[PDB]
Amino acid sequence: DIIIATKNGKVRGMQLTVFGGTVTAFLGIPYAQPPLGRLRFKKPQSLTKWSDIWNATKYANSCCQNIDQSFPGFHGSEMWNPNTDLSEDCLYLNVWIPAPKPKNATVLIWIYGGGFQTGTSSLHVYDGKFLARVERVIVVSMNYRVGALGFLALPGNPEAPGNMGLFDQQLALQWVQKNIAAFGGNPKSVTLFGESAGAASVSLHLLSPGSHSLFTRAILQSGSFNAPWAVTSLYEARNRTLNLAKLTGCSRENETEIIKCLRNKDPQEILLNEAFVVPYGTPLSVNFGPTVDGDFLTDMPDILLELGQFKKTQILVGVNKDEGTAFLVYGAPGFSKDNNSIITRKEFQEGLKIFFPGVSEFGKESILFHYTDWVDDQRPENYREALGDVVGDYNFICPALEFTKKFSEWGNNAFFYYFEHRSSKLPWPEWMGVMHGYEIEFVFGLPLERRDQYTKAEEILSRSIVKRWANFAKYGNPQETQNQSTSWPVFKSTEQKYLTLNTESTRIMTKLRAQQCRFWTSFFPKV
C-alpha cells in the first residue's frame, strides 16, 4: 500500500510492473471543485480538504465533448476518442512516479491537444508509466474543459470570462507546485509539454504572467498560439456566444441573464449546437477557443511575442513531415482513406474552397499559384500532395517556425526538430505519410515495449527521443551524449538549423520550408 499525504488529503495509488521494474500510478486525483451548476463557465475554484483516503486507482471522467463519428470501428480515428465516461465533473489529474520513490525528480507535465474542442488525458498514447520507468522522471497530466464549456466568452464578465480551460491547466500547474515534493518531485524543475492545441496551450503559458512561476521550460509538439486556428478574436467570440444563445433559446438583453439561461441547459443541448455557431466551418474549425480575456492573456499574443513579453527560458519545438493529410479525408472532395486519393486540378481548387471559405478569389488563386509549379506535371499525385502541404504549412509548420524565430531573437536557446518516420503500425493508408499526432507514441516510449508490433529500428528511435526529451527537461539541452549521436544544434534566427528524427540517419539541416513559409508568413496575411 502506497499512501501520500497531499495538502488536501491522503491519496492511495497502485503499483504497476513495467520492464521488470515498478511504477506507482495515481490516476484521477481531483484538483478543483467540480464546475457544475452555478460554477459552469466560471474559472475553476479551489478545493476543500478531505479526511478519508482518496482512491486514485483509475482514470477519472473525461470532460464533455462531441465525438468524431466519421469512421466507426476504425482504430485510426477511434484511438483519439475519449475512453472514460464524459461528465462536467472532470477536473482531475494523474501522476506516475518511479519506484522506489525518487528523491528530487524532474517533473514533466503533459497537456493534450484536440483543437480545444476534444481530448482526454487517459488515452493509451499518453500513458506516462514508460517515461517514469525509463528516465526516472515524474509525469503529470490533467483533464481541462474544452468546447463552449471551456472557452465560452463574454469578455469582462466573470460569469463567462473566457479561457476557462486554460485556467484549469493553470490550477493543475499550481497543484504540482504545492504538492509534488511529497511524491518525490522537484517543483523547481518542471517542464511542460503538449501537442497541437496542447502545444498552443504551452506557448500561451509562456506568455501568461500568472503561469510564469509555475514551470521551468517548455516543449511544443506541432502547435503554437500564432497558428491561424489557435486564438479567437473578441469579435468572433461575442458573435459566437450570441449565436449559441439564439440556438438554445437563451437570447436575453441582460448579458448575465444569457449565462444563467445557458446554465439551465443540459450539456447535450450545448454540445449539439456548438457546430453551427459559425456560418461556415472547416475540418480545422475551433468554434470556442482561447481569447484575449484581459486576465490569462493581457494583449493580443502576436504583439507580446513580437515585443519580447514572455518568460525567458529554453524551448524545444518541432513538426511532422505530413501535418496536413489527416484533415483532407474530413471533407475535401475526391479524398478517401480507402483509396489513393488521386485528385484533379478541379478537385484541388474545390479543396481550397473547403479549407479557405472566407478567402477572396485572388487569395485562393495565390495559394494555387504558389503550390502548383510542378517539375513533372505528369505526376498524378501532384494535386493530392499539394493540398496536404498547403494545409500543413499554413496551419502548423510555418507558424511553429515563426514562433521559434521570434522567441529565439530575445536571447534564449531554442531547439527545432523535423519528425519524418511513419509508424509501422499506423492504420491510415500510406499516401497520408507522417501524420499529425503520430510522433506522440514515440515520445511516450510505446515502442520500447517489445510485446507490440514495432520494429527494432523503432525501439532504437524511441529510446533516443525519450533520452533527448528527458535531458531537455532535466538540463535544458536535448542531447544524447553516450551513443555517438548527432549533436542537436541551437536554432538561431540567422542560420536556422534543425534536426531530423528518423530510423535511418539523423541529419542537421537549415531553413525548413523557406520558400513556402515566406508566402504564408509575409504575403498571405495581407489578403
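Basically, rigid core = biggest C-alpha set you can superpose within 1.5 Å across the two forms. Counting begins at 1, following the sequence as shown.
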_Once everything is fitted on the core, do the CA positions of 277-285 or those of 311-319 lie farther from the shown form in 9 other deposited structures of this protein?_
277-285
*Among the other PDB entries compared that flank it on both sides, is residue 376 unmodelled in a third or more?*
yes
*Mind pulling up the entry and telling me whether 164-172 or 345-353 has the higher mean Cα temperature factor?*
345-353
*Mean CA B-factor: is it higher for 50-58 or for 36-44?*
50-58
*Compare the CA B factors listed in the entry for 202, 230, 359, 305 and report the winner.*
359
_In terms of recorded Cα temperature factor, pick the maximum from 145, 260, 406, 321._
260
*For residue 518, does the deposited CA B-factor place it in the lowest, middle or highest third of the chain?*
middle
_Looking at the temperature factor on the CA atom of residue 471, which third of the chain's modelled residues does it land in?_
lowest
*Ranked by Cα temperature factor within the chain, is residue 392 in the lowest third, the middle third or the highest third?*
lowest
*asked:* Using only modelled residues of the chain, where does the Cα B factor of residue 433 rank: lowest third, middle third or highest third?
replied: lowest
*Would the CA B-factor of residue 120 place it in the lowest, middle or highest third of its chain?*
lowest
